[PDB]
Amino acid sequence: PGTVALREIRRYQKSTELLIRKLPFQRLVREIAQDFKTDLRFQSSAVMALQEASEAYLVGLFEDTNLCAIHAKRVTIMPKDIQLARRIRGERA
Amino acid sequence: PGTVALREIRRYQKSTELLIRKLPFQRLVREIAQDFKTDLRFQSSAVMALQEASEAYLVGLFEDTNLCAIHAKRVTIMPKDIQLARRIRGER
Amino acid sequence: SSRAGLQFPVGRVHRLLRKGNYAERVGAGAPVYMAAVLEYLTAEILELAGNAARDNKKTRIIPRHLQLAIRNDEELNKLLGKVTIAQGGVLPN
Amino acid sequence: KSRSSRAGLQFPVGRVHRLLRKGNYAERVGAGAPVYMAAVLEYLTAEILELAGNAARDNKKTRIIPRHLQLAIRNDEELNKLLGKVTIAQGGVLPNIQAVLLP
Amino acid sequence: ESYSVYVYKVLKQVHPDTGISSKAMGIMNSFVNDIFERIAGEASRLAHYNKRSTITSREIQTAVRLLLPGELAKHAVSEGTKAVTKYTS
Amino acid sequence: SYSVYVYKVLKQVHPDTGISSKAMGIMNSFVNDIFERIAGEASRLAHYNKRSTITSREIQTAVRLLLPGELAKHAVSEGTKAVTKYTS
Amino acid sequence: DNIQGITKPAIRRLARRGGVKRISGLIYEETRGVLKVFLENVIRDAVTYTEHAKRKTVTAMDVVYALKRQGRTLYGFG
Amino acid sequence: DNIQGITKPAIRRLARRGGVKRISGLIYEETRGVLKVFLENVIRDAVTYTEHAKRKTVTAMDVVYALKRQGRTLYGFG
DNA sequence: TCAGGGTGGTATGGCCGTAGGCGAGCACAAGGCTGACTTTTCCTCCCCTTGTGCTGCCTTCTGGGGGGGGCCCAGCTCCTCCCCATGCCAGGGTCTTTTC
DNA sequence: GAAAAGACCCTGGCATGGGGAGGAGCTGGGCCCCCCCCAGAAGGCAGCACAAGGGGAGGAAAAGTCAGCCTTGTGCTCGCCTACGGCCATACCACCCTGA
């Protein structure tokens, strides 16, 4: 139960596509922006710029969470690894 | 062995002095700047600014190192911890 | 400053704006706004740094009080998150 | 006369001049600032593009795509440090796994 | 740029007993000379974003709420619109 | 938009390899970013010494502050070569 | 409600891109909260820029500016 | 060779200020080489400004700007 | 030593007309993706032991901190002026948009 | 990516205020030395508690399977928003003197 994970890593590191479905992500963008301004409109490139950055922030956060996991002599990443990574990069202490 | 370390923690956390000796710090600074430009003078305030920046940087690093030890179920901070903190920070 | 009720110098901030090359034209409300915002922020950071001084049984403000007040907050700490306050020490934690 | 040939350059020293002046960076702008900041960017572009073209030829391809620019930037140590806050769109990540993770 | 004369006035209105040491005055000079460049570096590029040439209370308002956290920007903007209103009037 | 000059540089270094329309919308952002970087640093360098002009000394110091290591060394060399060729 | 459109396969795919081999079952909600905070922080700045330019539509550059305002300059969107 | 002037007691006091309880035996040598690169960066970004201003005395303002350009602002020295 | 009252002007900006691109909304398949389930293997987590490196303490000896003083190169100021960068206009060369 | 037409400012020429490079004067503060002496560092030893290895158990990810659903690629429409244009209104800059 660790070989499919190793080929999944080798598959999703070689590719550059967007791993979050565009329609639900655009719905999330539109549902968040509403609390700031009602009747707001977006371009296609506004959504595709929010997503293309939200999918690099999360990948970087995961490459730091994995480092915390390896530090703790572990392979299963846990929420406390994310918390440590965020605290140390200063995102939210 | 460790209660004297907790009282030490309290003492050096309640205090704002410079924990590195000023003359050795100055000689280190003037040794470092010699590589860049020889016969380079320094102010007193310039060296004090460097020592205030460095002693806050190192103190801030030793707080991330302690987190990287509490993560690994340890109390002894180690170079492994310093490198983990300095890599997650972005410096390494 | 007298017309706008500002203890910060509206004329001086106007001179700083014009000489600072921010734009080629500074309006007549720009330095009035940006001498009430700085004045308010200074008042905000002095309130807490004086309350800390009252907490250390001292009639004087010191960088220790300033760092203590700035860090023991939520929004001032977020704003001044990459600032080194000389002779400030660190919060007892 | 072409001041971007008087220097030996290919970036427009004239357009860099007008951008330096319009951007409000100083009340005056010298006569060598546009030529210096049209050879810094030309050299930096000629470096990143050469590295990305090499990365594309390593993938048996003949057209640079954002993946190759990201590969070149994140593979070179200097460009890593220069572009350390840059999110290259449609770039992916560097193919790399931990050694504590393999069987 | 010394604001030492003015930082001392505003303290006399809030704390009429507490003083500032010369080391803590040299810090508040660095503070005000820092949020001054912070605000009018955001209110500067905002004009260039709009291809505009004038920095006014519309751009200062935007820069303030673009750099100040949460309830701070809700108050920093509040004081300014209470200032420019009196200045023009 | 620097697309034509990025094309010229690309054709000069790698004359067989081409560039995509989205690998070109990154070079434009790259050049626009590393312009607004050196130009802001040279602006600070002029303002601190209380100058009104920006020249190829404030550009050179900004290069030396921004670019790391051999990048800065070679960029300074190229800038000096271009300015000393324009002047001549 | 739309935060669950970031499905468990999507977060796991992102983690596999980040090199994560094994994923605990609580990582998914943590990543959803994290993404929500990131999006809330960037969109606020983008809409503030849009309101300043008096527009009604959030342009791509209005987001690029909100992203370079956070030290996360984004290349590729003009 | 004045890097040994950052003595083990000083590195331990700096550690106690951060909250460290127990210190390994390689922490001192590993902190010396961290402070060395930090100073090597700042005392290069300050001498750059010094040389530009055609001065030979490094000023607190050169240091403060060299620190500001690395994301670490310092309040107190001008 | 610098900000404020008064004059003139002109350029930057405010307001209405407009038309067209793009952004939102609606069906419609229908296959790829997702969600639920099951088995089971591997990973996490706890417990035990030890032996080793870390701490605490004691003594000695050093070298950094606190002054005092000399001097001597360096940074700041003042005045000259000259050489560099700017405001403005003519014309076309180059950069911008479309088509294959 | 190359060919073809257009339109927008690039480059040259002319007149000009001004910005900074230079020489001189000055003074100040940074380096260098001298003395003391006492607190701090360095070394050594006892002892102790903590990190790391070993082992075992169980439970929670992971892999394979199957059924449902819903994103999306497509087509179509409506309209509103926004960039451009035209006209003109007044806000602030350059300048002249003064008083805080």
# chains A, B, ... in the order shown; residues from 1 in each chain; ligands from 1

$ select_by_dssp --residues "chain D" --states "strand (DSSP E)" --output "VMD selection string"
chain D and resid 28 to 29 63 to 64 87 to 88

$ interface_residues --of "chain J" --to "chain A" --cutoff "9 Å" --atoms "only C-alpha atoms (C1' of nucleotides)" --output "ChimeraX atom specification"
/J:61-63,71-72

$ write_last_selection --atoms "C-alpha atoms (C1' of nucleotides)" --output "CSV table (one decimal), in the first residue's frame"
chain,number,residue,atom,x,y,z
J,61,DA,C1',-4.8,4.7,5.2
J,62,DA,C1',-4.6,2.6,0.8
J,63,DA,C1',-5.9,-0.3,-3.1
J,71,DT,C1',-18.2,19.1,-14.9
J,72,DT,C1',-17.6,20.5,-19.3

$ interface_residues --of "chain A" --to "chain C" --cutoff "12 Å" --atoms "only C-alpha atoms" --output "ChimeraX atom specification"
/A:90-93

$ write_last_selection --atoms "N, CA, C and O atoms" --output "PDB file, in the first residue's frame"
ATOM      1  N   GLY A  90       5.435  31.774   9.047  1.00  0.00           N
ATOM      2  CA  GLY A  90       4.890  33.006   9.548  1.00  0.00           C
ATOM      3  C   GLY A  90       3.482  33.307   9.095  1.00  0.00           C
ATOM      4  O   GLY A  90       2.955  34.372   9.432  1.00  0.00           O
ATOM      5  N   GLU A  91       2.859  32.400   8.350  1.00  0.00           N
ATOM      6  CA  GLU A  91       1.533  32.652   7.808  1.00  0.00           C
ATOM      7  C   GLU A  91       0.533  32.923   8.922  1.00  0.00           C
ATOM      8  O   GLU A  91      -0.237  33.883   8.844  1.00  0.00           O
ATOM      9  N   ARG A  92       0.537  32.099   9.966  1.00  0.00           N
ATOM     10  CA  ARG A  92      -0.303  32.343  11.139  1.00  0.00           C
ATOM     11  C   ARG A  92       0.314  31.596  12.316  1.00  0.00           C
ATOM     12  O   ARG A  92       0.235  30.365  12.386  1.00  0.00           O
ATOM     13  N   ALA A  93       0.917  32.340  13.235  1.00  0.00           N
ATOM     14  CA  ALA A  93       1.544  31.757  14.415  1.00  0.00           C
ATOM     15  C   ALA A  93       0.518  31.083  15.314  1.00  0.00           C
ATOM     16  O   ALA A  93       0.594  31.188  16.539  1.00  0.00           O
TER      17      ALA A  93
END

$ residues_around --residues "segment 11-25 of chain J" --least-positions-apart "2" --cutoff "10 Å" --atoms "only C-alpha atoms (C1' of nucleotides)" --output "JSON, numbers by chain"
{"D": [1, 2, 3, 14, 28], "F": [51, 52, 53], "I": [77, 78, 79, 80, 81, 82, 83, 84, 85, 86, 87, 88, 89, 90, 91, 92, 93], "J": [9, 27]}

$ write_last_selection --atoms "N, CA and C atoms (P, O5', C5', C4', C3', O3' and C1' of nucleotides)" --output "short mmCIF file (atom, residue, chain, number, x, y, z; two decimals), in the first residue's frame"
data_model
loop_
_atom_site.label_atom_id
_atom_site.label_comp_id
_atom_site.auth_asym_id
_atom_site.auth_seq_id
_atom_site.Cartn_x
_atom_site.Cartn_y
_atom_site.Cartn_z
N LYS D 1 18.98 58.23 -34.87
CA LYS D 1 19.78 57.01 -34.88
C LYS D 1 19.26 56.00 -33.86
N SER D 2 19.42 54.72 -34.16
CA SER D 2 18.97 53.66 -33.26
C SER D 2 19.89 53.60 -32.06
N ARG D 3 19.44 54.11 -30.91
CA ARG D 3 20.24 54.04 -29.70
C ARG D 3 20.28 52.64 -29.12
N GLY D 14 15.09 53.48 -25.88
CA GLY D 14 14.14 54.58 -25.91
C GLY D 14 12.89 54.30 -25.10
N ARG D 28 14.74 63.84 -12.63
CA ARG D 28 15.53 63.76 -13.84
C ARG D 28 16.04 62.34 -14.01
N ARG F 51 19.60 63.20 -4.42
CA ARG F 51 19.73 63.53 -5.83
C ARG F 51 18.35 63.65 -6.47
N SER F 52 18.32 64.37 -7.59
CA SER F 52 17.14 64.45 -8.44
C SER F 52 17.25 63.61 -9.70
N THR F 53 18.42 63.05 -9.98
CA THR F 53 18.67 62.33 -11.21
C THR F 53 18.95 60.86 -10.91
P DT I 77 25.61 69.68 6.05
"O5'" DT I 77 26.39 71.01 5.64
"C5'" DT I 77 27.01 71.80 6.65
"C4'" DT I 77 27.78 72.96 6.03
"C3'" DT I 77 27.02 73.74 4.96
"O3'" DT I 77 27.00 75.12 5.30
"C1'" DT I 77 29.20 73.17 4.21
P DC I 78 26.08 76.15 4.47
"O5'" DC I 78 27.10 76.82 3.43
"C5'" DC I 78 28.37 77.27 3.88
"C4'" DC I 78 29.05 78.15 2.85
"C3'" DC I 78 28.13 78.70 1.77
"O3'" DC I 78 28.55 80.01 1.40
"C1'" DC I 78 29.77 77.29 0.78
P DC I 79 27.73 80.86 0.31
"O5'" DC I 79 28.65 80.78 -0.99
"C5'" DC I 79 30.02 81.19 -0.91
"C4'" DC I 79 30.69 81.12 -2.27
"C3'" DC I 79 29.83 81.55 -3.45
"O3'" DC I 79 30.67 82.11 -4.45
"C1'" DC I 79 30.42 79.30 -3.71
P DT I 80 30.07 82.76 -5.79
"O5'" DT I 80 31.11 82.27 -6.90
"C5'" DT I 80 31.70 80.99 -6.79
"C4'" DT I 80 32.40 80.63 -8.08
"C3'" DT I 80 31.67 81.05 -9.33
"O3'" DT I 80 32.58 81.11 -10.41
"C1'" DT I 80 31.44 78.70 -8.99
P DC I 81 32.18 81.85 -11.78
"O5'" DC I 81 31.94 80.64 -12.79
"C5'" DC I 81 32.82 79.53 -12.79
"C4'" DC I 81 32.14 78.30 -13.37
"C3'" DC I 81 31.22 78.59 -14.56
"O3'" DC I 81 31.41 77.60 -15.57
"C1'" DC I 81 30.07 77.37 -12.93
P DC I 82 32.42 77.87 -16.79
"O5'" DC I 82 32.81 76.40 -17.29
"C5'" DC I 82 33.02 75.35 -16.35
"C4'" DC I 82 32.09 74.18 -16.64
"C3'" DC I 82 31.54 74.13 -18.06
"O3'" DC I 82 31.38 72.79 -18.45
"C1'" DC I 82 29.76 74.24 -16.57
P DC I 83 32.25 72.17 -19.65
"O5'" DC I 83 31.79 70.64 -19.67
"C5'" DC I 83 31.60 69.96 -18.44
"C4'" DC I 83 30.14 69.57 -18.25
"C3'" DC I 83 29.46 68.99 -19.49
"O3'" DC I 83 28.83 67.77 -19.15
"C1'" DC I 83 28.11 70.63 -18.51
P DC I 84 28.50 66.67 -20.27
"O5'" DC I 84 27.26 65.89 -19.66
"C5'" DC I 84 27.11 65.79 -18.25
"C4'" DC I 84 25.67 66.05 -17.84
"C3'" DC I 84 24.62 65.37 -18.73
"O3'" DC I 84 23.66 64.72 -17.93
"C1'" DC I 84 24.11 67.64 -18.45
P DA I 85 22.72 63.59 -18.57
"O5'" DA I 85 21.24 64.17 -18.38
"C5'" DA I 85 20.69 64.32 -17.08
"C4'" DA I 85 19.48 65.24 -17.11
"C3'" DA I 85 18.31 64.74 -17.95
"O3'" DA I 85 17.08 65.06 -17.32
"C1'" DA I 85 19.10 66.80 -18.81
P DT I 86 15.70 64.52 -17.95
"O5'" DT I 86 14.94 65.86 -18.35
"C5'" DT I 86 14.80 66.90 -17.40
"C4'" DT I 86 14.18 68.13 -18.04
"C3'" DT I 86 12.96 67.84 -18.90
"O3'" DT I 86 11.95 68.80 -18.65
"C1'" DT I 86 14.54 69.06 -20.14
P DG I 87 10.40 68.42 -18.86
"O5'" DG I 87 9.85 69.56 -19.83
"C5'" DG I 87 9.85 70.92 -19.42
"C4'" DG I 87 9.53 71.84 -20.58
"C3'" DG I 87 8.45 71.33 -21.53
"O3'" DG I 87 7.61 72.40 -21.95
"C1'" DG I 87 10.47 71.64 -22.73
P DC I 88 6.36 72.10 -22.90
"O5'" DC I 88 6.95 72.23 -24.38
"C5'" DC I 88 7.46 73.48 -24.83
"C4'" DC I 88 7.73 73.43 -26.32
"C3'" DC I 88 6.73 72.58 -27.12
"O3'" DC I 88 6.35 73.27 -28.31
"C1'" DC I 88 8.93 71.85 -27.55
P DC I 89 5.14 72.72 -29.21
"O5'" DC I 89 5.84 72.36 -30.61
"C5'" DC I 89 6.44 73.39 -31.38
"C4'" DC I 89 7.13 72.83 -32.62
"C3'" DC I 89 6.29 71.87 -33.47
"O3'" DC I 89 6.65 72.03 -34.83
"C1'" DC I 89 8.20 70.75 -32.72
P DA I 90 5.79 71.35 -36.01
"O5'" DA I 90 6.82 71.30 -37.23
"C5'" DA I 90 8.18 70.97 -36.98
"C4'" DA I 90 8.79 70.26 -38.17
"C3'" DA I 90 7.81 69.47 -39.01
"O3'" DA I 90 8.30 69.35 -40.34
"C1'" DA I 90 9.12 68.01 -37.62
P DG I 91 7.40 68.64 -41.47
"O5'" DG I 91 8.02 67.17 -41.58
"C5'" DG I 91 9.42 67.00 -41.72
"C4'" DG I 91 9.81 65.55 -41.47
"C3'" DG I 91 8.89 64.51 -42.11
"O3'" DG I 91 9.68 63.45 -42.63
"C1'" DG I 91 9.06 64.10 -39.81
P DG I 92 9.07 62.45 -43.74
"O5'" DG I 92 9.79 61.06 -43.41
"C5'" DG I 92 11.00 61.05 -42.67
"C4'" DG I 92 11.02 59.89 -41.68
"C3'" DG I 92 10.60 58.54 -42.25
"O3'" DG I 92 11.38 57.51 -41.67
"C1'" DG I 92 9.22 59.07 -40.44
P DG I 93 12.64 56.90 -42.45
"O5'" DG I 93 13.26 55.86 -41.41
"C5'" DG I 93 13.70 56.31 -40.14
"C4'" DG I 93 13.08 55.48 -39.02
"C3'" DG I 93 12.94 53.99 -39.33
"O3'" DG I 93 13.63 53.23 -38.33
"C1'" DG I 93 10.87 54.89 -38.51
P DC J 9 2.07 57.72 -28.39
"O5'" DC J 9 3.65 57.84 -28.16
"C5'" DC J 9 4.44 56.66 -28.02
"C4'" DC J 9 5.75 56.76 -28.80
"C3'" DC J 9 6.69 57.88 -28.36
"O3'" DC J 9 8.05 57.54 -28.70
"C1'" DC J 9 6.09 58.26 -30.55
P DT J 27 35.56 75.06 13.10
"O5'" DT J 27 34.93 73.82 13.88
"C5'" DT J 27 33.85 73.11 13.30
"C4'" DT J 27 34.04 71.61 13.43
"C3'" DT J 27 34.69 71.15 14.74
"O3'" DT J 27 34.00 70.01 15.22
"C1'" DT J 27 35.77 70.19 12.94
#

$ residues_around --residues "residue 16 of chain F" --least-positions-apart "6" --cutoff "12 Å" --atoms "only C-alpha atoms (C1' of nucleotides)" --output "ChimeraX atom specification"
/D:50,53-54,56-57,61-64 /F:7,10

$ write_last_selection --atoms "N, CA, C and O atoms" --output "PDB file, in the first residue's frame"
ATOM      1  N   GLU D  50      17.874  31.009 -22.502  1.00  0.00           N
ATOM      2  CA  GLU D  50      18.820  29.951 -22.844  1.00  0.00           C
ATOM      3  C   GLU D  50      18.644  28.735 -21.944  1.00  0.00           C
ATOM      4  O   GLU D  50      18.630  27.594 -22.427  1.00  0.00           O
ATOM      5  N   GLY D  53      15.367  27.004 -22.940  1.00  0.00           N
ATOM      6  CA  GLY D  53      15.547  26.273 -24.179  1.00  0.00           C
ATOM      7  C   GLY D  53      16.308  24.980 -23.984  1.00  0.00           C
ATOM      8  O   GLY D  53      15.987  23.965 -24.608  1.00  0.00           O
ATOM      9  N   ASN D  54      17.326  24.993 -23.120  1.00  0.00           N
ATOM     10  CA  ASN D  54      17.999  23.749 -22.764  1.00  0.00           C
ATOM     11  C   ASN D  54      17.059  22.774 -22.064  1.00  0.00           C
ATOM     12  O   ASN D  54      17.057  21.578 -22.383  1.00  0.00           O
ATOM     13  N   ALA D  56      13.858  22.579 -22.466  1.00  0.00           N
ATOM     14  CA  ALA D  56      12.954  22.087 -23.493  1.00  0.00           C
ATOM     15  C   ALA D  56      13.605  21.072 -24.416  1.00  0.00           C
ATOM     16  O   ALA D  56      12.948  20.102 -24.800  1.00  0.00           O
ATOM     17  N   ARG D  57      14.866  21.269 -24.786  1.00  0.00           N
ATOM     18  CA  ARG D  57      15.578  20.270 -25.564  1.00  0.00           C
ATOM     19  C   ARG D  57      15.844  18.999 -24.774  1.00  0.00           C
ATOM     20  O   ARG D  57      15.992  17.931 -25.377  1.00  0.00           O
ATOM     21  N   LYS D  61      11.650  18.523 -27.186  1.00  0.00           N
ATOM     22  CA  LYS D  61      10.639  19.455 -27.658  1.00  0.00           C
ATOM     23  C   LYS D  61      11.329  20.599 -28.387  1.00  0.00           C
ATOM     24  O   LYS D  61      12.537  20.806 -28.258  1.00  0.00           O
ATOM     25  N   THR D  62      10.547  21.347 -29.165  1.00  0.00           N
ATOM     26  CA  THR D  62      11.108  22.477 -29.893  1.00  0.00           C
ATOM     27  C   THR D  62      10.420  23.800 -29.576  1.00  0.00           C
ATOM     28  O   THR D  62      10.681  24.786 -30.276  1.00  0.00           O
ATOM     29  N   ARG D  63       9.550  23.870 -28.572  1.00  0.00           N
ATOM     30  CA  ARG D  63       8.870  25.108 -28.215  1.00  0.00           C
ATOM     31  C   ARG D  63       8.832  25.254 -26.705  1.00  0.00           C
ATOM     32  O   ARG D  63       8.366  24.354 -26.003  1.00  0.00           O
ATOM     33  N   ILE D  64       9.317  26.388 -26.213  1.00  0.00           N
ATOM     34  CA  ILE D  64       9.336  26.658 -24.781  1.00  0.00           C
ATOM     35  C   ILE D  64       7.912  26.881 -24.298  1.00  0.00           C
ATOM     36  O   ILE D  64       7.147  27.633 -24.909  1.00  0.00           O
TER      37      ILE D  64
ATOM     38  N   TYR F   7      11.532  37.664 -28.531  1.00  0.00           N
ATOM     39  CA  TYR F   7      11.719  36.848 -29.722  1.00  0.00           C
ATOM     40  C   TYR F   7      13.088  37.041 -30.350  1.00  0.00           C
ATOM     41  O   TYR F   7      13.703  36.057 -30.766  1.00  0.00           O
ATOM     42  N   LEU F  10      15.661  35.331 -28.157  1.00  0.00           N
ATOM     43  CA  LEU F  10      15.496  33.889 -28.275  1.00  0.00           C
ATOM     44  C   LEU F  10      16.048  33.379 -29.594  1.00  0.00           C
ATOM     45  O   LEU F  10      16.730  32.352 -29.634  1.00  0.00           O
TER      46      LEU F  10
END

$ residues_around --residues "segment 21-31 of chain H" --least-positions-apart "2" --cutoff "7 Å" --atoms "only C-alpha atoms (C1' of nucleotides)" --output "PyMOL selection string"
(chain B and resi 5+75-79) or (chain H and resi 8+11+16+19+33-35)

$ atom_distance --atom1 "atom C1' of residue 39 of chain J" --atom2 "atom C1' of residue 61 of chain I"
11.8 Å

$ atom_distance --atom1 "atom CA of residue 12 of chain H" --atom2 "atom CA of residue 22 of chain B"
16.2 Å

$ interface_residues --of "chain I" --to "chain H" --cutoff "10 Å" --atoms "only C-alpha atoms (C1' of nucleotides)" --output "ChimeraX atom specification"
/I:53-55,74-75

$ select_by_dssp --residues "chain B" --states "alpha helix (DSSP H)" --output "ChimeraX atom specification"
/B:3-13,22-36,44-71,79-89

$ residues_around --residues "residue 46 of chain D" --least-positions-apart "3" --cutoff "9 Å" --atoms "only C-alpha atoms (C1' of nucleotides)" --output "list in words"
residues 41, 42, 43, 49, 50 and 51 of chain D; 6, 9, 10, 12 and 13 of chain F

$ residues_around --residues "segment 30-46 of chain C" --least-positions-apart "2" --cutoff "6 Å" --atoms "only C-alpha atoms (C1' of nucleotides)" --output "PyMOL selection string"
(chain C and resi 8+10+13-14+27-28+48-50) or (chain E and resi 56-57+76+80+84)

$ write_last_selection --atoms "C-alpha atoms" --output "compact mmCIF listing (two decimals), in the first residue's frame"
# COMPACT_ATOMS: atom_id res chain seq x y z
CA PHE C 8 0.95 66.31 13.05
CA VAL C 10 0.05 69.06 7.48
CA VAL C 13 3.65 66.10 5.22
CA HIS C 14 2.69 68.08 2.10
CA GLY C 27 -4.09 67.18 -3.78
CA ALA C 28 -5.25 69.37 -0.89
CA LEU C 48 -0.60 50.52 24.72
CA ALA C 49 3.10 51.34 25.24
CA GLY C 50 2.06 53.64 28.07
CA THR E 56 -5.53 62.62 -3.32
CA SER E 57 -7.72 61.48 -0.44
CA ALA E 76 -7.47 55.00 10.19
CA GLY E 80 -9.09 60.88 7.67
CA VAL E 84 -10.36 66.26 5.01

$ atom_distance --atom1 "atom CA of residue 64 of chain B" --atom2 "atom CA of residue 65 of chain A"
14.8 Å

$ interface_residues --of "chain E" --to "chain G" --cutoff "10 Å" --atoms "only C-alpha atoms" --output "compact mmCIF listing (two decimals) with N, CA and C atoms, in the first residue's frame"
# COMPACT_ATOMS: atom_id res chain seq x y z
N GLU E 42 1.85 52.90 -1.64
CA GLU E 42 0.65 52.24 -2.11
C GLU E 42 -0.29 53.24 -2.76
N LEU E 46 -1.02 53.19 -6.86
CA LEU E 46 -2.44 53.20 -7.20
C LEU E 46 -2.73 54.23 -8.28
N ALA E 47 -2.09 55.39 -8.20
CA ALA E 47 -2.24 56.38 -9.26
C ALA E 47 -1.74 55.83 -10.58
N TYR E 49 -1.51 52.79 -11.43
CA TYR E 49 -2.45 51.76 -11.88
C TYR E 49 -3.59 52.38 -12.67
N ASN E 50 -4.06 53.54 -12.26
CA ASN E 50 -5.13 54.23 -12.94
C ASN E 50 -4.64 55.19 -14.01
N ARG E 58 -8.66 60.05 -2.19
CA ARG E 58 -9.16 58.78 -2.70
C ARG E 58 -8.07 57.72 -2.72
N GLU E 59 -6.84 58.11 -3.04
CA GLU E 59 -5.76 57.14 -3.10
C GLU E 59 -5.17 56.88 -1.72
N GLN E 61 -6.95 56.89 1.00
CA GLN E 61 -7.92 55.99 1.60
C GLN E 61 -7.69 54.55 1.14
N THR E 62 -7.44 54.36 -0.16
CA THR E 62 -7.20 53.02 -0.67
C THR E 62 -5.92 52.43 -0.10
N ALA E 63 -4.85 53.22 -0.03
CA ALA E 63 -3.59 52.71 0.49
C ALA E 63 -3.70 52.33 1.96
N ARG E 65 -6.41 51.28 3.67
CA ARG E 65 -7.14 50.03 3.88
C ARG E 65 -6.48 48.85 3.17
N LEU E 66 -5.48 49.11 2.34
CA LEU E 66 -4.73 48.06 1.66
C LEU E 66 -3.52 47.60 2.46
N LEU E 67 -3.14 48.33 3.50
CA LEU E 67 -1.98 47.98 4.32
C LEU E 67 -2.30 47.80 5.79

$ interface_residues --of "chain I" --to "chain C" --cutoff "12 Å" --atoms "only C-alpha atoms (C1' of nucleotides)" --output "ChimeraX atom specification"
/I:2-4,11-12

$ write_last_selection --atoms "N, CA and C atoms (P, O5', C5', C4', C3', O3' and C1' of nucleotides)" --output "tab-separated table (two decimals), in the first residue's frame"
chain	number	residue	atom	x	y	z
I	2	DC	P	14.44	75.19	5.12
I	2	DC	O5'	12.84	75.21	5.05
I	2	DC	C5'	12.09	74.48	6.01
I	2	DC	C4'	10.78	75.18	6.32
I	2	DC	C3'	9.72	75.09	5.22
I	2	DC	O3'	8.47	74.67	5.77
I	2	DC	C1'	10.04	77.34	5.88
I	3	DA	P	7.58	73.56	5.02
I	3	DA	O5'	6.09	74.15	5.11
I	3	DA	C5'	5.43	74.21	6.36
I	3	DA	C4'	4.58	75.46	6.48
I	3	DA	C3'	3.37	75.51	5.55
I	3	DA	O3'	2.24	76.01	6.26
I	3	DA	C1'	4.70	77.42	5.22
I	4	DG	P	0.76	75.82	5.67
I	4	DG	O5'	0.26	77.32	5.40
I	4	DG	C5'	0.20	78.25	6.47
I	4	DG	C4'	-0.04	79.66	5.96
I	4	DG	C3'	-1.14	79.79	4.90
I	4	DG	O3'	-1.93	80.94	5.16
I	4	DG	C1'	0.87	80.70	4.08
I	11	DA	P	-1.62	73.04	-21.29
I	11	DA	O5'	-1.08	71.69	-20.63
I	11	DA	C5'	-0.46	71.73	-19.35
I	11	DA	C4'	-1.34	71.06	-18.30
I	11	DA	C3'	-1.94	69.73	-18.74
I	11	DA	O3'	-1.69	68.73	-17.76
I	11	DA	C1'	-3.63	71.17	-17.89
I	12	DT	P	-1.70	67.18	-18.18
I	12	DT	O5'	-2.48	66.47	-16.98
I	12	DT	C5'	-2.28	66.91	-15.65
I	12	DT	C4'	-3.59	66.92	-14.87
I	12	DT	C3'	-4.37	65.60	-14.90
I	12	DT	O3'	-4.82	65.27	-13.60
I	12	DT	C1'	-5.77	67.37	-15.56

$ interface_residues --of "chain G" --to "chain F" --cutoff "9 Å" --atoms "only C-alpha atoms" --output "list in words"
residues 73, 74, 75, 76, 77 and 78 of chain G

$ write_last_selection --atoms "N, CA and C atoms" --output "compact mmCIF listing (two decimals), in the first residue's frame"
# COMPACT_ATOMS: atom_id res chain seq x y z
N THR G 73 4.23 37.40 -6.30
CA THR G 73 4.07 37.87 -7.67
C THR G 73 3.79 36.71 -8.61
N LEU G 74 2.79 36.90 -9.47
CA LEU G 74 2.30 35.85 -10.35
C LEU G 74 2.63 36.21 -11.79
N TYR G 75 3.36 35.33 -12.47
CA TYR G 75 3.78 35.54 -13.85
C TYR G 75 2.82 34.79 -14.76
N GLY G 76 2.33 35.48 -15.79
CA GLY G 76 1.55 34.79 -16.80
C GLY G 76 0.21 35.42 -17.12
N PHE G 77 -0.20 36.41 -16.33
CA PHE G 77 -1.51 37.01 -16.52
C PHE G 77 -1.38 38.49 -16.85
N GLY G 78 -0.39 38.84 -17.66
CA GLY G 78 -0.17 40.22 -18.04
C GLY G 78 0.31 41.10 -16.91

$ closest_residue --among "F:46, F:19, F:54, F:38" --to "residue 75 of chain F" --atoms "only C-alpha atoms"
F:38

$ closest_atom_pairs --of "chain B" --to "chain D" --cutoff "12 Å" --atoms "only C-alpha atoms" --output "CSV"
residue,atom,partner,partner_atom,distance
B:90,CA,D:84,CA,8.8
B:91,CA,D:81,CA,9.6
B:92,CA,D:81,CA,10.3
